[PDB]
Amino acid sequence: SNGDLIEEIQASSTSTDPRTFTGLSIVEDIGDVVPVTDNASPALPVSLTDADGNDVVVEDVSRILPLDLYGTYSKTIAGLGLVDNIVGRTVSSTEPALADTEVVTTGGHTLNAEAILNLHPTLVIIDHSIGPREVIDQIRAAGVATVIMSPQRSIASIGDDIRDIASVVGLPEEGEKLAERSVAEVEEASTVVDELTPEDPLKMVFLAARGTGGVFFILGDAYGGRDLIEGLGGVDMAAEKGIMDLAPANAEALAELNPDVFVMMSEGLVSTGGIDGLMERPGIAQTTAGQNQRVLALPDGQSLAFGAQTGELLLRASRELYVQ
């Protein structure tokens, strides 16, 4: 599907200065993960010690709930061959295959125990990027095999995070194939990013926006803002300022960070009123990025998911950032 995207990248002139670009650039949804197999056959049972130290036996993966903040696990499970086993999702797993699949979070990202248990899951794969913890404890006590992950969520660890998921569902060979394919795709995209990156990198921040009120934050280290921005050839000003979790995107913060580009989730930007609404927020219009109305909007459920589609995300995003 990249045949025409790559022709546009090769065609960009060498004189092109990305600091002169203005306005929104949006990456369209990348879609479903291409599975590495059509006939996955989980080798079960598996016993493991999960990231919280719990001993878990996985003996039935017919009804999976792969749940997290970022949208990673549902995509990896589909990449391994088990998309048809997914029986519920969070709001972050926006991929088309799951669009008719029951949502088990409420009010954004809150786990709902009743919704989960009414789906009669046989395996929950989850991490503490969403909660409450108490709901995770309740479904385990009710009898649902629950596996806590703690993925490294860096570009360098995309492959190991995939291998860890594959080991939970008894598909090590599919895991090795999907890991290697996903890391090769990143490396290929990184060479395009390097060829497109200006000599002085663009300053970026990841701006989280949900609604027209106070859900308006600079995302820090813990969410993976830095890993994405550096993967795009940028400098993450949140990382420069030592933001480990998040910081309010108020006028003082924005003035101090002074990015050249705001990186945002697409539906997040819509929810604050689009570019016009974002430009009304205090401090935005005064930054370099605001003066150029320069926003890179990425599909919400891929933007911080990393995983299998990272390379495609970096390729499309670097074309939007650096190619006119």
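Numbers for residues come from their place in the sequence shown, where the first is 1.
In this entry, the higher average B-factor at the C-alpha atoms falls on 127-135, of the pair 127-135 and 161-169.
For the two regions 255-263 and 66-74, the entry's Cα B-factors average higher over 255-263. Remark: of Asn85, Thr191, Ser150, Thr94, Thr191 shows the highest value [criterion: C-alpha B-factor in the PDB entry]. The PDB entry assigns its highest CA temperature factor, among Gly220, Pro121, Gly175, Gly213, to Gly213. In this PDB entry, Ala115 carries a Cα temperature factor that places it within the highest third of its chain's modelled residues. The deposited CA B-factor of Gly225 belongs to the highest third of values across its chain.
Sorting the modelled residues of the chain by their CA temperature factor places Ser182 in the middle third. Ranked by Cα temperature factor within the chain, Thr272 sits in the highest third according to the deposited record.
Sort the modelled residues of the chain by CA B factor and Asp55 lands in the lowest third.
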